[PDB]
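Note sheet for the following structure.
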Amino acid sequence: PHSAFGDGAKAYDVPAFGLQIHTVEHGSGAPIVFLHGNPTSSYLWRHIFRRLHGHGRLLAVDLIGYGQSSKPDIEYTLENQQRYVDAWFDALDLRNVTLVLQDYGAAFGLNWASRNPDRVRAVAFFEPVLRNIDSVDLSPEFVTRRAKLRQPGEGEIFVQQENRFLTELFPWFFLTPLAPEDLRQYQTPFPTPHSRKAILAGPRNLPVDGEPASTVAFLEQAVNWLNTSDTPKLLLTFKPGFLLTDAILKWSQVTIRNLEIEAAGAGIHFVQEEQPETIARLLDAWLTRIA
Numbered sequence: 012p013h014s015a016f017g018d019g020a021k022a023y024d025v026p027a028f029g030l031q032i033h034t035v036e037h038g039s040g041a042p043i044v045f046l047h048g049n050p051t052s053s054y055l056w057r058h059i060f061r062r063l064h065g066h067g068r069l070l071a072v073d074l075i076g077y078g079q080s081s082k083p084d085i086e087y088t089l090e091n092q093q094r095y096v097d098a099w100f101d102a103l104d105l106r107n108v109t110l111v112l113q114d115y116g117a118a119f120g121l122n123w124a125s126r127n128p129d130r131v132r133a134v135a136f137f138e139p140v141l142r143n144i145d146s147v148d149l150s151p152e153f154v155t156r157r158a159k160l161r162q163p164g165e166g167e168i169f170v171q172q173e174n175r176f177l178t179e180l181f182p183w184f185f186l187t188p189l190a191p192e193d194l195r196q197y198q199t200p201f202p203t204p205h206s207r208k209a210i211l212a213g214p215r216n217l218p219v220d221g222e223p224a225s226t227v228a229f230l231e232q233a234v235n236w237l238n239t240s241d242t243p244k245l246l247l248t249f250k251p252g253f254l255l256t257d258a259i260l261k262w263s264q265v266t267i268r269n270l271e272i273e274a275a276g277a278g279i280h281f282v283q284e285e286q287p288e289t290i291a292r293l294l295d296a297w298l299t300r301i302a
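Per UniProt numbering, the sequence shown runs over residues 12 to 302.
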């Protein structure tokens, strides 16, 4: 694994349905599982992962479609992606799990939790795919681009053939500009048009103004668990943020049970690159409080 994960970290591949899920591990104890979203990998977590050495068995995954994991020719529906996640959790037969979730990592980790309530100790999330989003609350440039990406043809051209999601859109939405070398690591998984397929599935699956309804329905599945579980939960908030709109933040406050909410400073979306010191510190205080 990359050295920024810190000393003593190992990497291996976990088999799932013929494919390989690349995993980065460190240490010992109750497990703490980090799940990224679109279009990142375990690499996004490195600085937080390193600062959290010793709190438990640290486990950062590259989701199918991303990083060093397999990139099969499948439809990247939410239900298909969720199977590979479910498979990874099965192979490792984890219990007492603390989930640390961002973007579609929240969608997949919360949906897993909701069906595996007896295996979950705690959950922290930020900039989540959680709920239907109102288009008026999102960056207008992103909304216009998503609309263009949902068109047959045009999405594939922008994301897969021209690579503009990774060369333009992704680095744009950093508050502090991404270092060249780091932008390069985010692009290494994606040398070809076919390797980029999951990147396009993201914006197409994102629920905006009620569409796609399949995603609103998918995300609704975890809502009963969120609202009724005693499991401790932690939401970190950022100014301005991106996915965590005011309405969604208000919903979370009114609907989610046993939720602590902490401001974590200035950030847009890829907050693990923007505020990794603050995030690791707030996570550390919270894990200690739980312990």
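Here a beta-carbon is modelled for each residue, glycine too, at the ideal position from N, C-alpha and C.
Best match in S80, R68, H47, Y54 for proximity to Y23 [C-alpha to C-alpha]
Walking along the sequence shown from the start, residue 23 turns up at place 12. Ranked by Cα distance from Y23, the options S80, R68, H47, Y54 are led by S80.
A233 versus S14: straight-line alpha-carbon distance, rounded:
By 1-based counting over the sequence shown, the position of residue 233 is 222. By 1-based counting over the sequence shown, the position of residue 14 is 3. Each residue's Cα considered, the two are about 35 Å apart.
Stretch-stretch touch, CB-based, cutoff 8 Å, three pairs: the segment 107-127 with the segment 40-55:
yes
Close-in-space but distant-in-sequence residues of the same chain around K250 (CB under 6 Å, 5 per side omitted)
Here residue 250 refers to the residue found at position 239 when the sequence shown is read from its first residue. If we look at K250 and ignore the five residues flanking it on each side, its Cβ neighbours are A277.
In terms of residues, what are the limits of the alpha helix (DSSP H) holding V234?
For the purposes of this step, residue 234 is identified with residue 223 of the sequence shown, where counting begins at 1. It spans 234-239 - the alpha helix (DSSP H) in which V234 sits, taken as one unbroken run.
Within 7 Å, strictly: CB atoms of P202 and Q171:
For the purposes of this step, residue 202 is taken as residue 191 along the sequence shown, with counting starting at 1. For the purposes of this step, residue 171 is taken as residue 160 along the sequence shown, with counting starting at 1. No, the Cβ-Cβ distance between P202 and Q171 is not below 7 Å.
Less than 7 Å separating the beta-carbons of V134 and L110?
What you label residue 134 is simply residue 123 of the sequence shown in a count that begins at 1. What you label residue 110 is simply residue 99 of the sequence shown in a count that begins at 1. Yes, Cβ-Cβ distance for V134 and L110 is below 7 Å.
N-terminal and C-terminal residue of the beta strand (DSSP E) that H58 is part of:
Taking the sequence shown and counting its residues from 1, the one referred to as residue 58 is at position 47. No beta strand (DSSP E) holds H58; the alpha helix (DSSP H) holding it covers 57-62.
Using the Cα positions of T239 and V96, report the straight-line distance between them to the nearest angstrom.
Numbered from its first residue, the sequence shown carries residue 239 at position 228. Numbered from its first residue, the sequence shown carries residue 96 at position 85. A straight-line Cα-Cα distance of about 23 Å links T239 and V96.
For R68: DSSP bridge partner residues
For this step, residue 68 is matched to residue 57 along the sequence shown. Bridge partners of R68: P42.
According to DSSP, residues forming a beta bridge with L247:
In the sequence shown, residue 247 corresponds to position 236, counting from 1. As DSSP reads the structure, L247 sits in a beta bridge with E273.
Could you work out which residue in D73, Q162, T187 is closest to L30 when comparing CA atoms only?
Locating residue 30 in the sequence shown gives position 19, counting from the first residue. When only C-alpha atoms are compared, the closest one is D73.
Selection from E288, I272, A302, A296 that minimises the alpha carbon distance to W56:
Position 45 of the sequence shown, counted from the start, is the residue given in the question as residue 56. Per the Cα distances, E288.
Does the contact criterion of 3 or more C-beta pairs under 8 Å hold for the segment 207-227 versus the segment 241-250?
no
Over the uninterrupted beta strand (DSSP E) stretch that includes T109, give me the two end residues.
Within the sequence shown, numbered from 1, the residue matching residue 109 stands at position 98. Counting along the chain, the beta strand (DSSP E) containing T109 begins and ends at 108-114.
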